[PDB]
């Protein structure tokens, strides 16, 4: 349990024992083959934040667990599986390399976070490209949606690994990739709203859109606030924030998507698949001929 044992075994992760010499101008270290850096030893945050972070992580785990049990809708169960495995990794080695990368420039990069984005964010966007769940076509801009998002994560990760101005450059690059994703994602939500049958289906689509842009928009904000930004948030506080928006973006958004797909399925089962062309061009599900 990393929540209990990290302070104990972090001595084995890297060098934590050192002696200051010559009025603090010299650091002396056991020649034991371990890497050393004072930056790595700095606090992750307060105990209150640490506690708050640990609570929400259990909640997400149970949420993901119940959702998995509850659950083609392969995209919904895939992200839940990743989220579950993530907690298992968090539970035992949250601040152990390389779940946290302690690099030579002093940075502490949460690779666990960025690796998860790589696994779940493209899948979420694939779901977005097929909100109705009807085989087999996707939008014309799904490939562009996927490429812009993966790139954005690469730039965000690279920005986190960097410092100073090079961090700024790769952040701004991720930002450019980000506006491309959102504009494309928005056009997908718009068409979806007019593709689904009028009624409750159009409500959840509106709800999924709100859940999407709010939650996803919070991530670059937290980046700026976190240790990889201007350090107003601790790494414990950064964890709290990410967990909250992980809840919205993956768990809640996934439930609504599944719920939306169920409604579509029951509709087509009852009324048949009947399309009315709407002016881009959209084939809208209707009830009567």
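Positions refer to the first chain, counted from 1.
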Counting only residues that lack coordinates, how big is the gap in the deposited sequence between residue 279 and residue 280? Pick none, 1 to 3, 4 to 9 or 10 or more. 4 to 9
Unresolved deposited residues lying between neighbours residue 71 and residue 72: 4 to 9
Do the C-alpha atoms of 147-155 or of 83-91 have the higher average B factor in the entry? 83-91
Looking only at C-alpha temperature factors in the entry, 112-120 or 190-198, the higher average sits in 190-198
From the entry's CA B-factor values, the highest among 35, 256, 66, 27 is 66
Candidate set 103, 162, 129, 136 [ranked by C-alpha B-factor, highest]: 136
Should residue 215 be placed in the lowest, middle or highest third of its chain by the C-alpha B factor in the entry? middle
Name the third of the chain's ranked CA B-factors that contains residue 236, choosing lowest, middle or highest. middle
What third of the chain does residue 204 rank in for C-alpha temperature factor, lowest, middle or highest? highest
Among modelled residues of the same chain, the CA temperature factor third for residue 223: middle
On the chain's distribution of Cα B-factors, residue 260 falls within the third called lowest
